[PDB]
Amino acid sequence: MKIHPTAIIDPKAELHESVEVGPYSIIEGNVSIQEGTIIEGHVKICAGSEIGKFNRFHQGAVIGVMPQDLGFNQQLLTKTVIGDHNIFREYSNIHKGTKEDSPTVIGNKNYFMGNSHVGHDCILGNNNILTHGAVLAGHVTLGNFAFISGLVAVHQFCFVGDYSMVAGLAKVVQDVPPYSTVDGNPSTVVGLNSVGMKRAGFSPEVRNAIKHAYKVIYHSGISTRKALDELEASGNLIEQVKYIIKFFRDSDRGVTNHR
């Protein structure tokens, strides 16, 4: 399609013919960019970047930049894996992984607003949003349809479950459970992400089954272990609820408590 004459693209970089690269953009070697991707002006794509189809990179976005980890050996070919249909706004910055078997990974249809940051070794699934100036520390994992507000600190090694929301001015130290909204410092689960769930087309029955799972877990005067047991012993559960139980069971750091 069109690479501006002022763009600096390493000859070894692999770009589909349709790829558009704007003025004063820099693309390094060991880069692959797939069909339909548009790179605007002053964008930098660093060595190790593997980018899918129909992605947009707005002015000044920087992709696959060195980890902000002082002990990292800068000589290593580490990677940034990006899927399809993602939007990287102005001056957003995605950092590569710290090990050869540990890329920074982004799936599909994610939206990274202006000046948002994804730290080394983060794994994000699909359809997530980081709002303006949002920062994700290294080693943070997002599922799908998660929402990260600006002015949020997430502790390394935390997981954020599907359809969850972290509101602004929050400090996250343990996992954010799916379908939930976390707020405050120190942060707590304050309720369900009803908007995300309605917007997603969850049926009233599905939303009420999610509400019922968390009533047992949080609002029944019993320990988390006791509550998960109660839920499993109650019969056939829907997938969303099985997922809730499994998220709690699989938690490394433990799961954020309820207000």
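Residue numbers run from 1 along the displayed sequence.
When the two stretches 60-68 and 194-202 are set side by side, the higher mean Cα temperature factor goes to 194-202. 133-141 and 96-104 differ in mean CA B-factor, and the higher of the two is recorded for 96-104.
Compared with the other modelled residues of the chain, the Cα B-factor recorded for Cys122 ranks in the lowest third. In this PDB entry, the Cα temperature factor of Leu169 sits in the bottom third of its chain's modelled residues, the lowest group.
Residue-level temperature factors show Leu76 in the highest third of its chain, judged at the C-alpha atom.
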